[PDB]
file target-v2.txt (compact mmCIF, C-alpha atoms)
# COMPACT_ATOMS: atom_id res chain seq x y z
CA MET I 1 -39.02 36.42 133.01
CA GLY I 2 -36.80 38.02 130.35
CA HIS I 3 -33.81 40.36 129.96
CA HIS I 4 -35.60 43.69 130.50
CA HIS I 5 -32.38 45.79 130.52
CA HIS I 6 -29.24 43.92 129.36
CA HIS I 7 -30.21 43.15 125.73
CA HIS I 8 -27.29 41.21 124.16
CA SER I 9 -27.79 40.45 120.44
CA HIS I 10 -26.82 36.94 119.29
CA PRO I 11 -27.10 35.93 115.58
CA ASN I 12 -27.27 32.30 114.32
CA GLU I 13 -24.35 30.49 112.59
CA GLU I 14 -25.29 31.65 109.06
CA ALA I 15 -26.38 35.07 110.39
CA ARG I 16 -22.98 35.73 112.06
CA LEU I 17 -21.07 34.15 109.14
CA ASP I 18 -22.78 36.57 106.72
CA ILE I 19 -21.02 39.35 108.67
CA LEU I 20 -17.68 37.88 107.49
CA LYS I 21 -19.07 37.25 103.97
CA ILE I 22 -19.89 40.99 103.85
CA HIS I 23 -16.85 42.63 105.51
CA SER I 24 -14.39 40.46 103.50
CA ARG I 25 -15.59 41.74 100.09
CA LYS I 26 -13.06 44.64 100.14
CA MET I 27 -9.83 42.66 100.70
CA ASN I 28 -8.29 40.26 98.15
CA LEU I 29 -9.63 36.84 99.22
CA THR I 30 -7.44 33.81 98.34
CA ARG I 31 -8.39 31.15 95.74
CA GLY I 32 -9.88 28.77 98.34
CA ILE I 33 -10.73 30.78 101.49
CA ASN I 34 -12.78 28.96 104.17
CA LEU I 35 -14.86 31.33 106.35
CA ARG I 36 -17.12 28.51 107.65
CA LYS I 37 -14.33 27.22 109.92
CA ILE I 38 -13.79 30.80 111.21
CA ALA I 39 -17.38 31.54 112.33
CA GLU I 40 -17.50 28.14 114.08
CA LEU I 41 -14.55 29.27 116.26
CA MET I 42 -16.54 32.24 117.65
CA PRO I 43 -19.08 31.20 120.38
CA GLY I 44 -21.28 33.90 121.98
CA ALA I 45 -19.31 36.82 120.42
CA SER I 46 -21.37 39.48 118.57
CA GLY I 47 -20.89 41.20 115.19
CA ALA I 48 -18.70 43.93 116.72
CA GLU I 49 -16.04 41.32 117.62
CA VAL I 50 -16.51 39.82 114.12
CA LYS I 51 -15.70 43.21 112.53
CA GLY I 52 -12.58 43.27 114.72
CA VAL I 53 -11.57 39.85 113.33
CA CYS I 54 -11.94 41.20 109.76
CA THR I 55 -9.63 44.14 110.60
CA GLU I 56 -7.06 42.05 112.52
CA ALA I 57 -6.93 39.54 109.62
CA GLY I 58 -5.64 42.30 107.31
CA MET I 59 -3.05 43.19 109.98
CA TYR I 60 -1.80 39.56 109.93
CA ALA I 61 -1.63 39.77 106.12
CA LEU I 62 0.42 43.02 106.11
CA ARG I 63 3.14 41.62 108.43
CA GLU I 64 3.63 38.72 105.94
CA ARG I 65 3.16 41.17 102.99
CA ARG I 66 0.16 39.04 101.93
CA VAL I 67 -1.81 40.73 99.12
CA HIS I 68 -4.48 37.98 99.15
CA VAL I 69 -5.80 37.10 102.63
CA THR I 70 -6.24 33.43 103.63
CA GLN I 71 -8.17 31.58 106.36
CA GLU I 72 -5.07 31.65 108.63
CA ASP I 73 -5.23 35.44 109.02
CA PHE I 74 -8.90 35.25 110.14
CA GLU I 75 -8.47 32.37 112.65
CA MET I 76 -5.32 34.03 114.06
CA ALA I 77 -7.48 37.17 114.38
CA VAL I 78 -10.24 35.22 116.21
CA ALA I 79 -7.69 33.90 118.74
CA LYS I 80 -6.36 37.47 119.13
CA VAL I 81 -9.86 38.99 119.59
CA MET I 82 -11.43 36.45 121.99
CA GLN I 83 -8.06 35.79 123.75
CA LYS I 84 -9.34 32.50 125.24
CA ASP I 85 -6.44 30.20 124.30
CA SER I 86 -3.45 31.72 126.19

call {"tool": "encode", "arguments": {"input": "target-v2.txt", "output": "structure tokens"}}
result
Amino acid sequence: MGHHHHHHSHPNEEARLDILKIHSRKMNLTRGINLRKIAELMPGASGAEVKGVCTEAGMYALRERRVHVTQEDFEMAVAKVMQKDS
């Protein structure tokens, strides 16, 4: 019994959401940004993918010249990182 070689880390909902709470503290967050909805969209995925989402979100902001990032940038990033939905 047990994964004696392939050790894949998997944090809880709050645990993984904290990763976004942390890595978002450098970019201008909007007046009512919802990160809860974002973490709920990421099943299985580890913190490495979450860091990718944080980066890709800023990319989505820059193309629309957004100085303050919204939830849209993050969820669009999630869809771009996991690449499940087409």

call {"tool": "closest_residue", "arguments": {"input": "target-v2.txt", "among": "I:49, I:40, I:85, I:73", "to": "residue 61 of chain I", "atoms": "all atoms listed in the file"}}
result
I:73

call {"tool": "atom_distance", "arguments": {"input": "target-v2.txt", "atom1": "atom CA of residue 8 of chain I", "atom2": "atom CA of residue 46 of chain I"}}
result
8.3 Å

call {"tool": "residues_around", "arguments": {"input": "target-v2.txt", "residues": "residue 58 of chain I", "least_positions_apart": "3", "cutoff": "12 Å", "atoms": "only C-alpha atoms", "output": "list in words"}}
result
residues 23, 24, 26, 27, 28, 29, 51, 52, 53, 54, 55, 61, 62, 63, 64, 65, 66, 67, 68, 69, 70, 71, 72, 73, 74, 75, 76 and 77 of chain I

call {"tool": "closest_residue", "arguments": {"input": "target-v2.txt", "among": "I:31, I:79, I:37, I:47", "to": "residue 12 of chain I", "atoms": "all atoms listed in the file"}}
result
I:47

call {"tool": "atom_distance", "arguments": {"input": "target-v2.txt", "atom1": "atom CA of residue 20 of chain I", "atom2": "atom CA of residue 36 of chain I"}}
result
9.4 Å

call {"tool": "closest_residue", "arguments": {"input": "target-v2.txt", "among": "I:3, I:48, I:17, I:11", "to": "residue 34 of chain I", "atoms": "only C-alpha atoms"}}
result
I:17

call {"tool": "atom_distance", "arguments": {"input": "target-v2.txt", "atom1": "atom CA of residue 80 of chain I", "atom2": "atom CA of residue 5 of chain I"}}
result
29.6 Å
